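Take a look at this single chain, the form deposited in one PDB entry, given in structure tokens.
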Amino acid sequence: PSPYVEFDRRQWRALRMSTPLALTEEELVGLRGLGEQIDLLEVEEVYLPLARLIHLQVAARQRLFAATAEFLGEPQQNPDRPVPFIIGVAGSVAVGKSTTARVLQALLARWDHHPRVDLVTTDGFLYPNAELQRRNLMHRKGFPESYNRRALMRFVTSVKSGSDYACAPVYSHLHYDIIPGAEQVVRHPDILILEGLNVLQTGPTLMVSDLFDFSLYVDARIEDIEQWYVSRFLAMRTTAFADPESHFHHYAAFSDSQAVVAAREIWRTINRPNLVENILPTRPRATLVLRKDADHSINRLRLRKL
């Protein structure tokens, strides 16, 4: 067959699992907190079992650190604690990577084995617009060479080294740019989740995904992502684009049909080809592939056989 265990949505719901996990209320509220109309039943029935499965791998890895150091008789060059466990999250623009990552961050943090869960986006590793322009790369923003790969690699290397201090830059969607002087600090978390278009992309030598212990790809039909993309663009007319200072402000004025035309064109010329050429070929590289239906609900989980 294949290197994956496949469950469709029914098959997965059917599963007679070995613990009731039960979200508090409390937790259900916190999950509504980031609630871009987050489906709480799906968080509970799909993501929570999911996070438990990841938990098992984090915990196993914690014990392996311990057993290994015991064997070595705890040499001075060995770290005193397991380095952070790194989870990559990949997928198209508008597939909902980000919400997926934020859910997992909250769900994974409820175990005492690893309460400290961080979330970094590779958006912060895009070259500033100014630099991107100097390189004649603006039409290519979001494509592989539009990221400071050297810096992104230094960052993840540093976190995997168990260094207790590592900075990422920050990117503002509002301004469509890197915020000068802004940094996010990461202090040896138990889990780092690294979310981005490009986390499973491949390169000539050691690549960031070589430092991952788990990774997911959020999948859906290309037609469906297109519709979610267009719907998001029109909704931003009245949120992010409403705000002046948003350098897509001139988009807040577009009528529905004018905004559709414009959104479709950014889709067909930039995001869809990025997906076909650079993001989609990384799908088979993830530990877990979650496919979404048109209504955003998960209709298929593929997980690496253990």
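Numbering starts at 1 and runs along the sequence shown. Here the rigid core means the biggest group of C-alpha atoms that line up within 1.5 Å when the two forms are laid on top of each other.
Not pictured, yet referred to below: the form deposited in another entry.
- Comparing the two forms between the shown form and the other one on the rigid core, the single residue of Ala66, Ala242, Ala262, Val276 with a CA shift of 2 Å or greater is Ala66.
- After superposing the rigid core, the C-alpha of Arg102 moves by less than 2 Å between the shown form and the other one.
- Once the rigid core is overlaid between the shown form and the other one, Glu25 counts among the residues whose Cα shifts by 2 Å or more.
- With a cut-off of 2 Å and the rigid core superposed, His114 has a Cα displacement that reaches or exceeds the cut-off between the shown form and the other one.
- Figure legend: C-alpha atoms of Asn78 and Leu211, shown here, are separated by at least 3 angstroms more in the other entry.
- Here's the thing about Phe85 and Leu34: their CA atoms end up at least 3 Å farther apart in the other entry than they are in this form.
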